[PDB]
Amino acid sequence: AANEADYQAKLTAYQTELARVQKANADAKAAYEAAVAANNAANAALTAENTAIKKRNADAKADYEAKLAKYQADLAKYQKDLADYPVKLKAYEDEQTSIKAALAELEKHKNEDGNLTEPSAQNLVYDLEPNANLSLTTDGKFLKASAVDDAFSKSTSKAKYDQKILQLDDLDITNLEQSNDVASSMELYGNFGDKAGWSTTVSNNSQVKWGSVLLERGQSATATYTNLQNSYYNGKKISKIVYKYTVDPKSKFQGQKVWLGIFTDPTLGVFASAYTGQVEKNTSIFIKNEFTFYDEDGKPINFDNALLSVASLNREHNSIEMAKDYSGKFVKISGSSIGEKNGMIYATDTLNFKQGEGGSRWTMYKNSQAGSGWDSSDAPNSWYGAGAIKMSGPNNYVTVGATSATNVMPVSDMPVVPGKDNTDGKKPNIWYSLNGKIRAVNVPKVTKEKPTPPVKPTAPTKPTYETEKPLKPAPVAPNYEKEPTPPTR
Ligand SMILES: [Ca+2]
């Protein structure tokens with residue numbers, strides 16, 4: 001019995017100790033598991049973070065190399081321009097000095113025939129653009145090329161048409177006023193394509209193409225000319241021109257419609273007509289012109305006394321072609337029949353159709369007389385029917401048109417041409433163009449652009465790389481203590 005009691009006492013001690021050791025390990029395991037949880041959360045986040053870090057460094061690297069490609073190019077252009085700067089500037093200064101001297105010399109002849117009364121250089125080179133592209137908007141009607149062709153083949157222009165000639169001033173617009181003549185967009189017509197061997201009254205040294213529209217008073221067509229290759233302002237390339245043509249409500253042509261033929265070559269101008277087959281007395285047709293020239297960057301060019309040519313201002317015994325309501329200042333060419341009166345530019349004192357008639361000095365068309373044929377782009381004395389307008393600013397305008405003489409002055413103030421009636425009706429149409437082809441003689445031209453100081457590009461900011469962090473090592477397994485040995489009797 002004594003042993004048994006002893007054994008039981010030892011047994012109790014064992015059981016209690018065993019319990020302690022177990023609870024101790026259980027708590028030890030609880031901690032280990034908690035450590036494992038944290039370690040796993042740390043690595044999981046560390047992995048996802050390292051992956052992200054890997055991505056960012058890749059992007060930063062790529063974006064950087066992308067900036068270097070652009071930099072490498074801009075830097076190459078900068079160094080090149082800086083190298084050329086002095087040579088370009090020299091050409092500029094040299095020409096400016098040359099122009100200054102030419103102008104001083106011209107001062108001595110400013111009152112001689114063909115000379116601009118107020119000596120000036122022409123900083124606007126704008127006179128030939130055969131490859132120009134035309135795009136039109138309008139609040140009027142676009143006319144099918146086939147409709148224009150059919151119109152030329154009928155009525156008053158038929159005789160010429162059958163002779164392979166497109167006589168614009170004979171075109172009867174009566175046949176362009178039907179709904180079936182309206183096109184869904186601009187269409188070109190002229191002596192090209194299947195009519196490449198035909199003649200037109202617009203030019204006799206080149207093929208011409210034009211888009212057509214039918215407009216009423218107050219309606220307009222806005223032409224955007226691009227792909228210009230030979231035009232400049234102060235030597236800087238002119239890449240685009242936006243020109244808006246509006247039918248002047250004050251036009252007195254009979255009827256409500258006007259045919260507008262806009263040539264793809266902007267320097268060729270436009271043909272405007274309300275001619276319906278018969279001449280009209282007390283008639284007129286005026287077209288308002290609003291235009292802006294743009295540089296290569298699409299920025300409007302702010303003219304500084306550019307010279308706009310206003311030529312071929314015909315004045316017959318019963319008809320006056322004129323320019324009015326214009327921006328800028330009129331500059332007269334000495335000896336020219338063209339002057340300014342009552343805010344209008346035209347042959348103010350004499351006619352200019354035939355020498356000896358109405359005080360005209362020369363005949364507009366070629367004949368047996370010396371100096372005849374002044375009305376042509378190449379005539380040496382084409383200045384006889386021309387003048388100029390000095391313009392400044394990015395937005396300029398001028399209204400050009402033809403009107404019966406009786407609308408401008410009483411018959412009593414008119415030149416008399418024996419055998420001709422000054423009240424004779426006329427056709428309400430006109431061809432005209434506004435460009436930089438000044439007809440005055442020896443006008444100095446600006447061809448060298450003043451270079452701007454090259455702007456050095458900035459090397460791209462170095463990429464910011466981040467390092468990936470080392471993954472955390474797993475927790476160490478705890479060393480659980482042994483359990484006591486049960487006692488024996
Ligand atoms: Ca003319």
Side-chain angles (χ1 to χ4, degrees), residues 127 166-171 199-206 208 210 245 248 251 253 258-263 265-275 279 283-289 308-324 326 330 332-333 336-341 344-355 357-358 360-367 371-389 398-405 407-408 424 426-440:
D127 52 54
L166 298 178
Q167 185 104 183
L168 282 70
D169 74 313
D170 282 355
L171 191 160
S199 312
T200 83
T201 48
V202 186
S203 180
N204 62 175
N205 56 282
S206 57
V208 308
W210 67 82
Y245 304 86
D248 196 320
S251 296
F253 59 81
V258 169
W259 160 50
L260 229 63
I262 313 299
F263 305 103
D265 180 332
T267 69
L268 282 181
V270 63
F271 194 84
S273 178
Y275 178 61
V279 295
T283 195
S284 81
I285 181 165
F286 283 105
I287 304 298
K288 184 177 182 182
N289 302 264
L308 184 69
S309 176
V310 179
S312 192
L313 293 177
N314 306 92
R315 178 175 181 183
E316 288 71 55
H317 71 98
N318 68 321
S319 178
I320 298 179
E321 186 183 320
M322 64 166 71
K324 58 183 180 176
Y326 55 87
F330 169 75
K332 186 183 175 58
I333 294 179
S336 173
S337 69
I338 306 305
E340 164 180 41
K341 180 178 173 61
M344 301 175 283
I345 300 168
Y346 64 104
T348 63
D349 301 307
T350 76
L351 310 183
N352 51 34
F353 177 69
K354 187 168 182 293
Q355 184 181 83
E357 305 199 336
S360 183
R361 181 169 178 184
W362 293 301
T363 300
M364 69 90 81
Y365 58 85
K366 186 71 186 65
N367 69 4
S372 54
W374 67 255
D375 190 20
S376 69
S377 58
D378 56 300
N381 63 341
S382 77
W383 49 259
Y384 186 60
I389 294 181
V398 50
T399 290
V400 188
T403 181
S404 294
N407 294 327
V408 186
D424 284 338
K426 62 179 270 69
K427 299 186 189 177
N429 55 30
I430 175 182
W431 169 81
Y432 73 79
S433 65
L434 303 171
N435 56 56
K437 192 182 183 59
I438 176 65
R439 309 311 176 90

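Note that ligands are numbered from 1 as they come in the structure, with each ligand's atoms numbered from 1 the same way. By convention here, the first residue in the shown sequence is residue 1.
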> How about the Ca ion (ligand 1), which protein N, O or S atoms come within less than 3.0 Å?
Replying inline: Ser312 O, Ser312 OG, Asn314 OD1, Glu321 OE1
>> Go through it in stages, so that I can follow the logic: the residues are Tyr365 and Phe353, the test is ring pair (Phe, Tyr, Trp, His ring centres under 6.0 Å), and I'd like the CA-CA distance, side-chain angles, deciding distance and then a yes or no.
In response: CA-CA 8 Å; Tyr365 58 85; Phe353 177 69; 5.6 Å; yes
Indicate whether the side chain of [X] and that of [Y] have a donor and an acceptor atom separated by less than 3.5 Å.
{"X": "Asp127", "Y": "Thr267", "answer": "no"}
{"X": "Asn407", "Y": "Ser284", "answer": "no"}
{"X": "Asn352", "Y": "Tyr346", "answer": "no"}

> Step by step, would you call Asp349 with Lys341 a salt bridge (charged side-chain N to carboxylate O under 4.0 Å, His left out)?
Replying inline: CA-CA 10 Å; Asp349 301 307; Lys341 180 178 173 61; over 6 Å; no
> Is any side-chain heavy atom of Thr399 closer than 4.5 Å to a side-chain heavy atom of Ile287?
Replying inline: no
